[PDB]
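Structure first, commentary second.
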Amino acid sequence: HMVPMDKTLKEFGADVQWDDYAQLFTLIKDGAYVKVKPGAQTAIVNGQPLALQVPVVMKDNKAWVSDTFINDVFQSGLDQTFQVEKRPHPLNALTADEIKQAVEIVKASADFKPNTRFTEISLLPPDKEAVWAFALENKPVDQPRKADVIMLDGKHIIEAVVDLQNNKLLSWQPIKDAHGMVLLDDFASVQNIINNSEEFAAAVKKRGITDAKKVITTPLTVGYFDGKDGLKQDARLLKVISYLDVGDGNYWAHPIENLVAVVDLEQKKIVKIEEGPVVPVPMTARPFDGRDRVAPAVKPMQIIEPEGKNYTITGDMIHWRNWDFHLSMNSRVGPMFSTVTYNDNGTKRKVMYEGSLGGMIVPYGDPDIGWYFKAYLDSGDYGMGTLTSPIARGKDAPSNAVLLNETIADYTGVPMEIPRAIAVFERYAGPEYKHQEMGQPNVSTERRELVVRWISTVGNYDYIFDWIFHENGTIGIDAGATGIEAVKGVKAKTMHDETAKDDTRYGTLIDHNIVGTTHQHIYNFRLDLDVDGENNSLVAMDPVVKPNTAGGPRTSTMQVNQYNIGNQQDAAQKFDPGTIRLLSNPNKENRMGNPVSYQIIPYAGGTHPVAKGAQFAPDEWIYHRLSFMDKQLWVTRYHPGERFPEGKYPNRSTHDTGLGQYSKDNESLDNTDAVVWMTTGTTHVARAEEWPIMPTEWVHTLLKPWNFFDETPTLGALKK
Amino acid sequence: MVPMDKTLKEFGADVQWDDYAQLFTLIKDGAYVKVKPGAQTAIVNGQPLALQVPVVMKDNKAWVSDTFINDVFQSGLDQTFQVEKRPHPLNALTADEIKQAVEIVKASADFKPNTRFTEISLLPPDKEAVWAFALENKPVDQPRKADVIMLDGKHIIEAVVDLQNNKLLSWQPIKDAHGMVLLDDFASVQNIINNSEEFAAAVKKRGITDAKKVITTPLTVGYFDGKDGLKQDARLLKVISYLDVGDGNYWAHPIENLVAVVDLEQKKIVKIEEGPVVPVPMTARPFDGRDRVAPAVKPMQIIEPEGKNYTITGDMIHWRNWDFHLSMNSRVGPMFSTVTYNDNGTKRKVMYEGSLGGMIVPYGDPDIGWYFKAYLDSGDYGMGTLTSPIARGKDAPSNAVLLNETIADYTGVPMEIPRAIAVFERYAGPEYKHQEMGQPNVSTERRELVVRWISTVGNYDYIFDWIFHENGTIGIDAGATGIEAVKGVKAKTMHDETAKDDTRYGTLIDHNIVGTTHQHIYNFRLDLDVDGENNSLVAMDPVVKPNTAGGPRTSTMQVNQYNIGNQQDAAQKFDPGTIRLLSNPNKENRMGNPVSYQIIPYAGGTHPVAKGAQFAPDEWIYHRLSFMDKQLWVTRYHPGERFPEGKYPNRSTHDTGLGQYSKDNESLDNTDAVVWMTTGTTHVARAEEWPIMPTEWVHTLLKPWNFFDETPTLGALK
Ligand SMILES: [Ca+2]
Ligand SMILES: [Ca+2]
Ligand SMILES: [Cu+2]
Ligand SMILES: [Cu+2]
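Chains as they are written, first to last, in PDB author numbering: chain B, 6 to 725; chain A, 7 to 724.
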């Protein structure tokens, strides 16, 4: 039995290239680079020969292979990229079996109800000291594997802990006043509830819509306004904004402006319809998928690694040059980078215990009925890991990437495998260093970066996160944004129309009858750096101009004001990118007697205007609830339950339970276990170039070794 | 027949042999060639080629016809380079034109023996005529002319020559101008130091046994209103010295607190300054890998097997919607001219001319070896002349095309710089994406076209990337690598007695070595013509305002928009939370918004950012170089206003650059504007940067702002 080679390999996700001159197929998938000629009894996999019992057969310009070919070639072992993990790492995410087991254990209590959903099922953080001992000494972790199981019982949150080793429930705790995040079934519920509302269909008819079945809803959290929004605090509510489906694939381009429904998800009813002035729906077709466009003629470009990759993935442990780290997936915040070490001439040095997205927010600037409450807490309120967008091979990541699948629990407690959840790729990044001494031979070396990329889409916007490991010890974290603008329907077609000035008070006119409402994108990263050890201090170095007291012609000099920042409140600060902020180990020095440090750069640039803080007056509730928005650098003491800058349960939160809380108490940051949080944000004023789809815009952050090493780290191995 | 591997390697092509496929793959610049031994045909950029003589194998080595390279690589099947039948009027002087210009000035009775040439460059035709050539194919009516700037000993003279008519048009001595540093000045300084008995005696006192191991570096002396003791009419350089210990890295062995002042016309040392004795740091610190073994790395190639998406016609680059002209200047390096974006068939002006304006690397230490130290790399040393040829595959990616460029050397002889500029397309993530829940994904790849140039001035190496985005954005990024300028000190570690004093002005980065704090400050001159000549500068400041519309919000996000109508206000600090546009008030997009580009002088960087000059405002460097202290400048177009530091900045007594250009109250309203962007870093050193500094980058951007009507990369409508 034999299958058509081209079709089968494409199903499988391999790139298939035929060279008619060479009579050669080149097949590429992840770490496998394969060469095979029709009729040959050997193929080449990553430069190594593989015997084929059944050769590729060409017949009438059509290739056929055996139905074992794909497994024989790609799973041969000659692709060495993935290796089997001997002893499981204690930070490995919950397996499918462990998820199913946790869901069985909670279902075995009399309190479980059939409408109960799971907001999160995740590994309970094992003891940090023990985890580091596993990574650095191979000391086994004695404590049992546990899962945190967070349930939504109607509107009530319950935190359960289950012991997986012993198969028992350890705790079951109602969380008073907490609201749950938005779950996947809420999207369908809102759409269904609107479809069944007589009142809503009438409201929609008054605004020009002839067919109410073409209305697309989007669910938004309502925030908190101490009753000014007229919404009861104990109820599970969402607000609902609507758009008209005109068959262009882009309902986002057809807002039904000034109509908001408030839905109670327990009652499954619209409890309030807020109605403002009638604005005709913008109707013009604005597809972004290319259906109305000519396909580009473009010459091929491929990035190829024909002998395989320089990294090895052993279970979830990535090894690459001097770097080693563990990579896992969480349903709320996505990728987590753990037990990150740098091998310094045989000694693995601690750099970071755990790093991940902390949380993010996209808050809007328009006071109108459809907008005033609008703020996407993308990870906290919607679950960015859950909403991971599978990588489009060769487009969302380069042609030389390896794409990883990742497993999490869905909202019913069923395992869910996300295909192509994370891309890993090595890239050329210019010269690592160069010196061309006049009249001498050149010295140049190439820079290589290892990128780990993850994309999550929450409604209209798509977010890309790159964690960039530099060979020289630097770590970059870049955040990209693309997708479809949230737009306001307006009466102005151009800036010459009567309502244009009022229509554009809170955003730019980017199409006829369409305003891209101004807003911010604010990302926060939680980085538990352990700079060559647990015990670290925050050090400021401010470059300053001081009078010259040394004689000679100069009136001034360049000096530095250096000081320790010993308490948390002072550590919560604006970042001046002309200053230096270090996390230093006061117990370990480099060869020159300088404390081994990492320089923390929360703002290393971006392509949109930068946010210096929150674009909200300080008496706004969103400002009060989310302190993380207004400072770029925070340092707190390590605590395994302080993970989210917005707080654990931010939906309708009445006060700051995140970084505002964590940094509040005057506890010492001197020579202790510190956690760094970086906030970086943009202020997005729209332009027509961003409509109907926004070209990817980026912000950059950096962590740089600062006297962590003794010399240029990439010089190579010493031959003496 | 000739041997294939030897012949192709001499041609500069990469040769790969695949034993499984019995296939050679040959790569050079835009040519991607496949050829089987014995085959009667080959493939060049995906197209078949008949061979006169098959590749033959003898003793497992390939042999080819002695015409193989011509037949295959110059077949015409590589379409990367095309013939230029009508030369663009901004084409740089050719080798023949350089020689002719030199003969014209040498024929004058005023030409003095031993005269040198600081600059020989095209005197460009008028801007209107050049645009009309680029946009309408209109011949420029004028003869080729050259500016010829001569140094007669220490005296500067500007001449103009008409190359068509082979005559001298003008000859003008420039009163009080000092010339830039020329190549022979480096050797003169070393020789003058080698023949000084006083200097050898001074060196002996600092513990140097062999004075012929002393390596000099020439530095310009600046201007201090006589406080440095230096006569203003003399051609002077200061000389800082290092010890050669045979590690290839003299920079690592400073002879601290010894400065010689050399008069180049007298050819002697006119002053020796001697400060405290600090033993020379002696430990070998090679950077060239002589003491190192690199880890093995698996190969990575970036391949374009059907050739490139860009075409190079003479000096005119065409790529996707972009067209521009690329030429080389001896002072500032690459110049990007007549830059247009092809919007659905109509070429629209974006930039008449853009280039490096100038740069400065000024130090922060008041001591005798340092107080005057400020490298004006382009103005004082000539960065074009000092271009560093691209190391193929390392300094630029394996899919680059490397261009040669020709300029005049200081004696007036044409000089061809091999691999002077790299051009390459690169993958740059998704151009855009939207994964609508439950629907098919939409993603497209981003491609960027990078034009990269590297120049090395003494110890530091600078990389400039001009990045053309398919979507209309232009990035300009500046990278710095090379060897830090270091101070010799007594402290071995921060525990030693002198450590605190030793590190007052820089970090201790090695035993006895301090990386003195300084800035790197770059300025780009960008004659943007935003869809036309006549433009205005517009500020948009995002602000929080009280809510007056009702409902629960206390505040809103709005913008304060206002025009900036005069030059003095246009010279400003850049707040990256604001928006600054160059707008065309005469042309609007489909929504009635003025077509504009957004100017972003600070889009990030990897070293700390300079908020301005790290100098008190009574410092002479501060007074002379105003461009250092503001990030955005906008001036009225003038073909003679090119350099932010001024035309003759060596020992300048006042600002003849941007301080002068932006001084007067003339209107920027609806007129031909030139944008200048200053971006800089404050470099505080660390051990990770010694003995060689990993490349650090700064980023700037020019973004279309309602220049288009929609996403520019969606494609043409069916
Ligand atoms: Ca820590
Ligand atoms: Ca202009
Ligand atoms: Cu946005
Ligand atoms: Cu520097």
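Even for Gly, the Cβ is constructed at its ideal location relative to N, Cα and C.
Given residue i as reference, the closest of the options once Cα atoms are compared
i, options, result
"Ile570/B", "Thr662/B, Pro558/B and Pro591/B", "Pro591/B"
"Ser127/A", "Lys67/A, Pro292/A and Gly339/A", "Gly339/A"
"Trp639/A", "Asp508/A, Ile180/A, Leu543/A and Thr13/A", "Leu543/A"
"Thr499/B", "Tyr416/B, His475/B and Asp508/B", "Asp508/B"
"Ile585/B", "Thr562/A, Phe342/A, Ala691/A and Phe621/A", "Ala691/A"
"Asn599/A", "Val550/A, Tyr608/A, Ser589/A and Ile605/A", "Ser589/A"
"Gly228/A", "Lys244/A, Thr215/A and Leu55/A", "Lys244/A"
"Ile480/A", "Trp711/A, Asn405/A and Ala115/A", "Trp711/A"
"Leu332/B", "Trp682/B, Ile214/B, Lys173/B and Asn97/B", "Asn97/B"
"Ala165/A", "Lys314/A, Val41/A and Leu129/A", "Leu129/A"
Residues bridged to residue i (per DSSP)
i, result
"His526/A", "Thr687/A"
"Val41/A", "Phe30/A"
"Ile49/B", "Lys40/B and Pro54/B"
"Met63/A", "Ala68/A"
"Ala486/A", "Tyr468/A and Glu702/A"
"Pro179/A", "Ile163/A"
Contact belief for residue i with residue j at Cβ below 8 Å, rounded distance in angstroms
i, j, result
"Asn572/A", "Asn671/A", "5 Å"
"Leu638/B", "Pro600/B", "Not quite, the Cβ-Cβ distance comes to about 19 Å (not below 8 Å), so this is no contact."
"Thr662/A", "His526/A", "With 8 Å as the limit, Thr662/A and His526/A do not qualify as a contact, their Cβ atoms being about 22 Å apart."
"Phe714/B", "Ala497/A", "The Cβ separation is near 19 Å, so there is no contact."
"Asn465/B", "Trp257/B", "5 Å"
"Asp533/B", "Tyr433/B", "About 31 Å; that fails the 8 Å criterion."
Sequence-distant residues of its chain with Cβ nearer than 6 Å to residue i (five each side left out)
i, result
"residue 725/A", "Past the edges of chain A, shown from 7 to 724, lies residue 725/A, and the structure says nothing about it."
"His475/A", "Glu454"
"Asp535/A", "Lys355 and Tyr358"
"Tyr387/A", "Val187 and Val463"
"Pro582/B", "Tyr608"
"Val680/A", "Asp533, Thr641 and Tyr643"
"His613/B", "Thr687, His689 and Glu702"
"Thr560/B", "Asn553"
Close beta carbons around residue i, own chain, < 7 Å, minus the five adjacent residues each side
i, result
"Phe205/B", "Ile199, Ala266, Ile275 and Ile278"
"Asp253/B", "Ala290, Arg291 and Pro292"
"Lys636/B", "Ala577, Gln578, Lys579 and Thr684"
"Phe117/A", "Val111"
Residue i beta carbon near ligand 6 (any heavy atom closer than 6 Å)
i, result
"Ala679/A", "Among the ligands modelled here, namely ligand 1, ligand 2, ligand 3 and ligand 4, ligand 6 does not occur."
Close-in-space but distant-in-sequence residues of the same chain around residue i (CB under 8 Å, 5 per side omitted)
i, result
"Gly538/B", "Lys355, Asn590, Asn592 and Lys593"
- Which of the residues in the region 328-352 of chain A, read from start to end, lie with their CB under 7 Å from any CB of chain B? none
- Interface residues of the region 552-568 of chain A facing chain B [CB-CB below 9 Å]: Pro552, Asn553, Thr554, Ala555, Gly556, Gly557, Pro558, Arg559, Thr560, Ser561, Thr562, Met563, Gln564 and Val565
- Task: May I ask you to list, following chain order, the residues of the region 691-710 of chain A that have a beta carbon less than 9 Å from some beta carbon of chain B?
- Result: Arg692, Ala693, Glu694, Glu695, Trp696, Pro697, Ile698, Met699, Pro700, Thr701, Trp703, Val704, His705, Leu707, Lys709 and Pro710
- Query: Relative to chain A, which residues along the region 436-456 of chain B have a C-beta separation below 9 Å, given in chain order?
  - Reply: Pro436, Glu437, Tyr438, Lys439, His440, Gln441, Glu442, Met443, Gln445, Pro446, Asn447, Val448, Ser449, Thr450, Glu451, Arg452 and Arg453
- Item | Contact residues within the region 298-319 of chain B, judged by C-beta distance below 9 Å to chain A | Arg298, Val299, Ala300, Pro301, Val303, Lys304, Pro305, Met306, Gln307, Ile308, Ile309, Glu310, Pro311, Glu312, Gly313, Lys314 and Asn315
- Message: Output needed in chain order: residues of the region 690-703 of chain B with a Cβ under 9 Å from some Cβ in chain A.
- Response: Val690, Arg692, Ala693, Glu694, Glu695, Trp696, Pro697, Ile698, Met699, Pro700, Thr701 and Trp703
- Give the residues from the region 617-642 of chain B that approach chain A closer than 7 Å (Cβ to any Cβ), ordered along the chain. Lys617, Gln620, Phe621, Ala622, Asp624 and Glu625
- Item | Residues, ordered as in the chain, of the region 656-685 of chain A that lie near chain B by beta-carbon distance below 7 Å | none
- Item | Contact residues within the region 285-313 of chain A, judged by C-beta distance below 8 Å to chain B | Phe293, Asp294, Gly295, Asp297, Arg298, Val299, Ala300, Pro301, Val303, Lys304, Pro305, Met306, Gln307, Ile308, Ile309, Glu310, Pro311, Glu312 and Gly313
- Item | Near-chain A residues of the region 404-433 of chain B - C-beta to any C-beta below 9 Å | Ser404, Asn405, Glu431, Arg432 and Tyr433
- Query: In the region 200-233 of chain A, which residues sit with their C-beta less than 8 Å from some C-beta in chain B, listed in chain order?
  - Reply: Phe230 and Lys233
- Task: Below 7 Å between beta carbons is the criterion; list the residues of the region 590-602 of chain B that meet it against any residue of chain A, in chain order.
- Result: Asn595, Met597, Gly598 and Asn599
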